[PDB]
Each structure stands twice: as C-alpha cells, then as structure tokens.
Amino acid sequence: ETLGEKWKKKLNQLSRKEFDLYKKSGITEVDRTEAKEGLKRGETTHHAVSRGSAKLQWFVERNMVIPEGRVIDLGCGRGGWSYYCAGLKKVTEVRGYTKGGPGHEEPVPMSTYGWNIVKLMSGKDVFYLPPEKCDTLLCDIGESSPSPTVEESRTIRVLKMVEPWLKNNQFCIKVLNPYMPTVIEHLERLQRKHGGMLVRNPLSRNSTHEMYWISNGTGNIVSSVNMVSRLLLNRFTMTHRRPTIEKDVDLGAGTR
C-alpha cells in the first residue's frame, strides 16, 4: 500500500468541517474576488474565466510547458487555459474541446487579449475524438472520486487517450491519481518515450493528489509522487494554515 493510498483513506475519514479546513491548508491561491464580480456583471476583458488561467500560468512562467503554434486544449471547460494561451507571443491558434451538458462547464465567450485565435467547442467527449496535429497539447481532465480505484481507472483512461496526440510537441497533462502502482507503470513507460516530468502545482488543493505531466523536465516519477504524498499527509497533522493569497492574472483585451 502506497503513501498516497494512506492519504486517501485519511481524506475520506474527514467530516465536512475537517475537509473544508484541510483542502486549502498551506496552499497557494489567487484572489478571484474582482474576476468573479466582473464576470457576474458580464465583463469580457481582463478577467480570467476560472482559476485555471493562473494554474497554467504557474507552469508557463517556469518554462515547464512553452505554448506555441497550434494549441489543443482537452477538457477546456470555461476556457481558462485557452484564453491564457491565446495571449502568448508564440501561440498562433487555440482549439478547446469540452463535454459541457449536465455536470460539466460550458465555454465562456471572452474578449481578453488574443480572443480571435481561440475556438472553444462544447459537446465534445475527448474519448471519442480522433487525434489532430498540434504543437502544444494541453489536457486538464480527471474527475476526483472518494474511490482511489475509480480515480486510477480515470487516470489510466486519460493517459491512454492523450498518447496518440503526443508527437514531439509541448504538453501539460493532468494526472488525477499519480500514486497507484498501475498509473506509475504507465507514467514510467510514457516518460521513457515522450520524456517530461511530473510536477505538483502549488495552486492545487490538498483534497487532490493531482500532478501534471509537463514536457520540459526530467526526474524520478516515483520520488516526485512520494514527496507529494508526504506533503499532503503532513498537512493533516497541524492546525489550518491560511492559503498564500496571490494576485489573479490580467488577460488584457484586444485582438492578435
């Protein structure tokens, strides 16, 4: 039994009160107050449509993924990753696919910087989508579940789905449950072929063990995974530490 499996058992034992204090203890988060207010009023400039823009920006600013050319954004939701990439100098086209419908977010139309090079499509289950040529492959799919076996199945499914999209291009792919032994085996095989590394984003909540497989890096998958498991277990042992609050992204306005 993995350290991550022990973390999951502990997370499942929490009351709603305990879970709510735990999930943000010691994490980093952007202040969405101004963006939520502007979006509520129907504003289409400057605001990021979700917390996603800042989450991807964290990786991009550290050169972990360098979006360029034709960007494919799988599970785009409201469009946080897409509208962020649309503003980047090297990016020429952004194509977002999302499921939408009940239980899913719909793409939000925006007028942020470079909006004209973005096309977001809803009603698109990526598990039935044929792979397309692209210079950047983004994937943020992976629904949390109290069952680690359900998360293990969902993660493997995403990992098998993304592989044909990967052809010596830039990438950033969510790995929902990276601690299950069968997932680690798939990741090790994938890293031997396509390279890259698994990275923990400080904007992720403690209630998820999600890590992201980024194209620009190397390192021991097992060690990076166990380091996250150790962090998340230690965050149960102390009293709630308020999250580090950072400024949210300004995505500007204007065409490209």
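Don't overthink the numbering: it's just position in the shown sequence, from 1.
Enquirer: On mean Cα temperature factor in this entry, is 181 to 189 or 155 to 163 the higher one?
Expert: The entry gives the higher C-alpha B-factor average to 181 to 189.
Enquirer: State which stretch shows the higher mean Cα B factor in the entry: 59 to 67 or 33 to 41.
Expert: Per the PDB entry, the higher value belongs to 33 to 41.
Enquirer: Would you mind finding, among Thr98, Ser147, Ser82, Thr92, the residue with the largest C-alpha temperature factor in the entry?
Expert: Largest recorded C-alpha B-factor: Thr92.
Enquirer: If I read the C-alpha B-factors straight from the PDB entry, which of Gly195, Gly26, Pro202, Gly52 is highest?
Expert: Largest recorded C-alpha B-factor: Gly195.
Enquirer: Would you please rank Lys6 by its C-alpha temperature factor against the other modelled residues of its chain and give the third it falls in: lowest, middle or highest?
Expert: For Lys6, the deposited C-alpha B-factor lands in the middle third.
Enquirer: For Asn12, does the deposited CA B-factor place it in the lowest, middle or highest third of the chain?
Expert: Ranked within chain, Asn12 CA B lands in the middle tercile.
Enquirer: Quick check for you: using the entry's CA B-factors within this chain, is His104 in the lowest, middle or highest third?
Expert: It belongs to the middle third of the chain when residues are ordered by C-alpha B-factor.
Enquirer: Ranking the modelled residues of this chain by C-alpha B-factor as given in the entry, is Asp135 in the lowest, middle or highest third?
Expert: For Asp135, the deposited C-alpha B-factor lands in the highest third.
Enquirer: Taking only the Cα B-factors deposited for this chain, tell me whether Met227 sits in the lowest, middle or highest third.
Expert: CA B-factor rank for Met227: middle third.
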